[PDB]
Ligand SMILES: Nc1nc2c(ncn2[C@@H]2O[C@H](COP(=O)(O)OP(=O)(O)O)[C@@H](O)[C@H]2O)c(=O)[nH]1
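Here you get one chain, nothing else, as structure tokens; it is the form deposited without the named molecule.
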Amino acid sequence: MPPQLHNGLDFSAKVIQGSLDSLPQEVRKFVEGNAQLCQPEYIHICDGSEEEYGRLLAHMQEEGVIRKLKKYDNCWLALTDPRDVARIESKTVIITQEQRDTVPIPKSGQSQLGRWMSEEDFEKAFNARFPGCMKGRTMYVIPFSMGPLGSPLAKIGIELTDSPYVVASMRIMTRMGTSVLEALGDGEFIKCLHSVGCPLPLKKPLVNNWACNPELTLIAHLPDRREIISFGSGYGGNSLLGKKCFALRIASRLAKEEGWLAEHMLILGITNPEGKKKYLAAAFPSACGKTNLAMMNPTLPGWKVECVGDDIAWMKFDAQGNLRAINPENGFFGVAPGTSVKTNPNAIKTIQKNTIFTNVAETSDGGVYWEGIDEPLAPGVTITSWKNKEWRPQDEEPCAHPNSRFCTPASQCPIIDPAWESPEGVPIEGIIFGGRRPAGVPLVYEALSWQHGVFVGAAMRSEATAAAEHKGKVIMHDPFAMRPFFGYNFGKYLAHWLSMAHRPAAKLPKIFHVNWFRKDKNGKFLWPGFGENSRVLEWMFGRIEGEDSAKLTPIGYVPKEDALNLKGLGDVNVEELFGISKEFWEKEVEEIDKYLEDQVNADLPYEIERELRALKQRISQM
């Protein structure tokens, strides 16, 4: 197709699967233009077949890139370079003409709400990375669909990558292959480009057979151009470009433009003993219990929880005013450590087959191991750590990396919701905010209004986790659990959320805030959690139904005395678990005030400032 005076623009002869001729016009140009830049040795157009999948895994195996886990059905283990183990927020940038479209201008001068880079600066960064980056490697072309095919809310992308690990994982986490290209036709697609940044011959040493370029790692988003461009990292959040990059950052901006929402929320369906089912969404920060909640095993008899998704929601008010949500993903990319029969039995049943593990320990009989797995091993069974060394319980360091993962098909979840792929989405009746707060924040409260509910989201704070580069357990702001993921100005995001109240016939969800992670004076968890969280969901259910089970406090509604079912617990310290201290909350509100003044400033909606003033006043009166 392409004109040329010589022979170095048409890449037809380097195609090892599929055809550039069979590709839609704009797809061909996208692939070929980037082939000209990156200079791959081969181009593989992914078809999404099981044959393609097994053969690629086998190839990675023979190359030492992955290992087969012999104990399980079609399960695999990758060990990364220790420099490439999580998201890096400081190297995650969005490109816009004006900085203020991307982040509010902070009064202090350092934004905690995203990272902006000028188009001039990015072009320099791009030219210093991508030319020739795929030399000696295969460029895989991944046609992928976010959302279930046929969904009005579904969006398709093309990811170019030089990483087989990215291909395999994208097969799990998205709908990918030939049928997606057929669905696309001559339509629009998000342009996604990824490279590990290690052209052959290697100029730097390879660590644990894991190609990466930590020094040059850059995860860039160009909303105007509809492009995502990621360099130097193979880790999930950095490399699986449909997930955080498209489904959150790109899509949140599109959402604001088009009147819907793209959120860091799980979706679950809960059924009560009276035969009633409601769908709930929940925004918790990374590694703060979303996956546990999404596929929870309720301890309360007659209650059932079913899973729609554990990470991302795309939501839109329909003509009927119902807030309808879909899961854009096709799998779960869940945190491994802490996963056990005790904490998450439904996950355990999911990850036994067709699952890729990254940075977990391996047992000598070909099984997986991590901190908190709560399964003893037979005598004689030994452990190889994520660092490919022999590991024993007394080794000081963990057998698995704290941010190690499973990447597993959603269809395999034993309690996957019957409607998890329904084109119309599911109706959300309650939205839950929450994070890790060791002190001051009660087990559960309910917002006083939509506007107060938006403030509660905006005010969210949670302990730092291992999901990114932030060390320790320092309590950080994480509004709407979206801090690492805003595709545009957080102030405008708040305004967008607030605008939902004025939408025709809108049936606004009840908004709650939970704290599973409150500790007492000597650092013990006040709440058993996991399956016991069904007791809090029960109370939320009744509140949505309009049950008179609430008591007014300065921070919102809490359960009345004896309103929460605590049967089979009994020892629970309800005094301090539900306690609200004037002193803590005076401190809390002043901290929120200063944060919003600094970080949001001229872009802070009046309604949010008003809620802040109201809360300060309610506290001053207690």
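One rule holds for the numbers: they count along the sequence shown, beginning at 1.
There is also a form solved in complex with the named molecule; it is not shown, and the following applies to it.
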Using a 2.4 Å cut-off to backbone and C-beta atoms, with three or more ligand atoms needed to call it blocked: open or blocked for the named molecule placed in the bound PDB entry and overlaid on this form?
blocked
Would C288 show up as a contact with the named molecule in the bound PDB entry if we use heavy atoms at 4.5 Å?
yes
With the partner left out here, check for me: in the bound PDB entry, does some heavy atom of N292 sit within 4.5 Å of the named molecule?
yes
Do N533 and the named molecule come within 4.5 Å of each other in the bound PDB entry, heavy atoms counted?
yes
With the partner left out here, check for me: in the bound PDB entry, does some heavy atom of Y279 sit within 4.5 Å of the named molecule?
no
Exactly one of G150, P528, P106, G136 comes within 4.5 Å of the named molecule in the bound PDB entry through a heavy atom, and that residue is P528
With the named molecule left out of view, choose which of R436, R171, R253, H194 has a non-hydrogen atom within 4.5 angstroms of it in the bound PDB entry.
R436
Candidate stretches 222-230, 379-387, 520-528, 448-456, one within 4.5 Å of the named molecule in the bound PDB entry by heavy atom
520-528
